[PDB]
Each structure stands twice: as structure tokens, then as C-alpha cells.
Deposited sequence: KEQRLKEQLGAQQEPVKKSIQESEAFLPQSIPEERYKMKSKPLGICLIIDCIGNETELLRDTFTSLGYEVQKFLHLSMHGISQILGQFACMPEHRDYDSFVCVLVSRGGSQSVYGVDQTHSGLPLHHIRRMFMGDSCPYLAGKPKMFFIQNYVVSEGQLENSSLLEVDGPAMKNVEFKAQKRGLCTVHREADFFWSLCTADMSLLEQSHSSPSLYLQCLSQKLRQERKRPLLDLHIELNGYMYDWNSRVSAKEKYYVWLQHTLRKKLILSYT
């Protein structure tokens, strides 16, 4: 009875990683490579560079042969937007990003789980099958150490790599609990806020 997203293709799908800060530390490259994804990572992209690359990945016909898609984005930004490496106050809207992968603009992934994991650093029907995890943290953390991976990326890597058989949603609940516990022990500026929004229609497990 219980429906589950088909997850059998080899690779499971493409995992697009855009790290505009430099602290992703291969954590998710290694994690998703280990889960069976084909990872392509890019560094030092401006907003225009981000759109160029996102546009190209949304158009690949090889998605047709894959069961899912993963996108990891690490960037400075505002609420609901990313700046890439640009010094700006009007960033690339996040909704414009997910918009590029909706069924109409991206037929090849129609009916397939499209997962977005975003680490943002800020200054203090066609929409079914999307998984959108957004972590916001204070920009001061980058001034202190821009090469140190956020706890969100570390925890995400740990959970997916160590418990790939549990549903993604259940792992994310534990990540929620993990971030809440961290937040309760540190100063305001060291905290991580995690927002999750999804339109999944079936149980999603990143493995066979």
C-alpha cells in the first residue's frame, strides 16, 4: 500500500553543488557521491553565473533516465535570495530558482523528487515533488571563518551518509532537533535557523 518514490536508476540522479563561499568542504559532494549521485560542483559564481548554470542543469535531457535531482547551494544572500559572489542587496530570488525546475519548465524531472539544500548567510500541480530545505545563518560567521562548514551542512552529510535507509523527511526531523539543541547552547550569532517546505506525495528514501 504505502507509496514510495522510485529510486533505482544509476546514477540516482545528478547532484548540482554551487558553493559560492568555499566552506562546503566536499561534505555533500562525498555524501551524495556515496548515495549514488553524479556530482558536479561549481565555485565562485555571481548571480548571473548561478542562473546560467541552473538553466543548463534544468535542460539536461539525461534527467529523463534518472529518478531524482539534488541541488546544494551555499551562498551569502538576503531572506529568500542569494547573491553568489556579488556585492548586492537585490539577489537572485529563491522562488525563481525552484521555478526553473517545475514540471512545465523541466519536463524531464516531472513526477520526480527535486531536492534543494540551501545554506544562506544573511545580515542580521507543477509544484509537486519538491523538497526545499533552507538554512539561514548570520553573516558574521563568515567574517570569523569563511572556510569552516556550517553545522547544517555537517549534520546533513552525517545523517544522509550514516542512515541512507531512513526517509529523508525523518532525517530532517532529527536534523531539526540537532539544530535546536545547538541553538540553545550558543550566542545569537552562532545560531542556525532551518526552514523546511515540501510537496512530496510519496515516501522519499535516498537509496534502494
List the gaps, meaning deposited-sequence segments with no CA coordinates, ordered along the sequence. 1 to 31, 156 to 187, 272
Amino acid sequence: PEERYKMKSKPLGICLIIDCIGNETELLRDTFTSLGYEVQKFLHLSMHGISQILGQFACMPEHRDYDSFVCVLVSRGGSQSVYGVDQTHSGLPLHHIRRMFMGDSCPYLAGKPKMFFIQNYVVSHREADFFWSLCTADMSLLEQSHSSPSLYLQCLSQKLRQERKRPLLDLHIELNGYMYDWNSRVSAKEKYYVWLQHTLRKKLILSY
From here on, numbers count along this sequence of modelled residues.
Per the PDB entry, mean CA B-factor is higher for 23 to 31 or 52 to 60, namely for 52 to 60
When the C-alpha temperature factors are averaged for each of 61 to 69 and 37 to 45, which stretch ends up with the higher value in the entry? 61 to 69
Using the temperature factors in the entry, find which of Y83, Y108, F116, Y121 has the highest value at its Cα atom. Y108
Residue with highest C-alpha B-factor in the PDB entry, from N183, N176, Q144, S148: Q144
Looking at the C-alpha B-factor of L204, is it in the lowest, middle or highest third of its chain? lowest
Splitting the chain's C-alpha B-factors into thirds, which one does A137 fall into? middle
Going by the entry, which third of its chain does the Cα temperature factor of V194 land in? middle
Quick check on the deposited entry: does the C-alpha B-factor of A188 sit in the lowest, middle or highest third of its chain? highest
Within this chain's modelled residues, let me know which third the CA B factor of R166 belongs to: lowest, middle or highest. middle
